[PDB]
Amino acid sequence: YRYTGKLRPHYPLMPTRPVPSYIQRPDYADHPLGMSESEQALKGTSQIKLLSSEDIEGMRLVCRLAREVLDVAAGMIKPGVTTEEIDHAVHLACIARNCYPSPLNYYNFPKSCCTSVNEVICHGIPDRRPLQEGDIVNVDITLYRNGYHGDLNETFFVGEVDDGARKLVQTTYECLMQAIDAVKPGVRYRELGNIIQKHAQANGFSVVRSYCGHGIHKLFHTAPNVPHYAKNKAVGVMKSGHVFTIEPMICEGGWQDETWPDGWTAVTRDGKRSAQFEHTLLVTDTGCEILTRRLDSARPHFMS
């Protein structure tokens, strides 16, 4: 395998972390290939759940808890910290909040969060590599509580970064917020990729095509499919009571991705950097609520 950049996996991985049996588990947690029977059943349906009041309270709760866990991870980002140590802290933080860390054994993913450095687009596996000054790193969190999943991510700076890193991360965050600002009943899910790609291209960046936003609630990934690029053919119209993610991945060079031999880590084919942000959103009559927002600070972590 020809690595596309400088990054390499740093093995061994710490042995798999257990979740106490007192924590409710999603179906895939105990499936040997990590398959979700509930996702596979709804595979090939395009109908989007209208959440009940009970469902909405359950999503507010788990999305609030997932934000608290991302904020734990954000506190740790500095030179010399391993991504494995971030994952260990995340894993304990979930457990402390009576949540299952959704990524764990999702299609056999080995860890409790994804940590994506520099050319990694998404789904990076926490490992023994110490963060270096100049790195950008994304931490992607998803929790499962009382049957509901809540999903968010942010990209962070590792000490001082270059002007390129600042522009890439700022623009990706702007893409996400412009998409969110368009969300309201009656808007087609395919329109968000037009707004995202228009703002990436105006700043000289490309948009990953292989990974999309998703419906989320009782399932980790379900309808709708929400592409981040222009002129996609996503099916569906936003209705009050829909919940889904927007999670644009923006790249310095081309959009093309490939996967490491580990089967998970997605990287730019050209080895240039990619950044990502993600929120979980509830469509309301007036617009949108950001279920994974910060409650106690106006700005994402990179802004400070």
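Position 1 is the first residue in the sequence shown; the rest follow in order. Between two forms, the rigid core is defined as the largest C-alpha subset superposing within 1.5 Å.
In terms of root mean square C-alpha deviation after superposing on the rigid core in 5 other deposited structures of this protein, the stretch standing farther out between 234-242 and 39-47 is 39-47. Per the PDB record, of the two stretches 201-209 and 87-95, 201-209 carries the greater mean B-factor over its C-alpha atoms. Looking at 139-147 and 155-163 together, the entry lists the larger mean B-factor for 155-163, computed on C-alpha atoms.
Comparing C-alpha B-factors across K231, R129, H228, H123 in the deposited entry, the largest value falls on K231. The PDB entry assigns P9 a C-alpha temperature factor belonging to the middle third of its chain's modelled residues.
Per the PDB record, residue ranking by Cα B-factor puts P110 in the lowest third of the chain. Annotation for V237: C-alpha temperature factor in the highest third relative to the rest of the modelled chain, per the entry. Among all modelled residues in its chain, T245 ranks in the lowest third by Cα B-factor. Sort the modelled residues of the chain by CA B factor and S274 lands in the lowest third.
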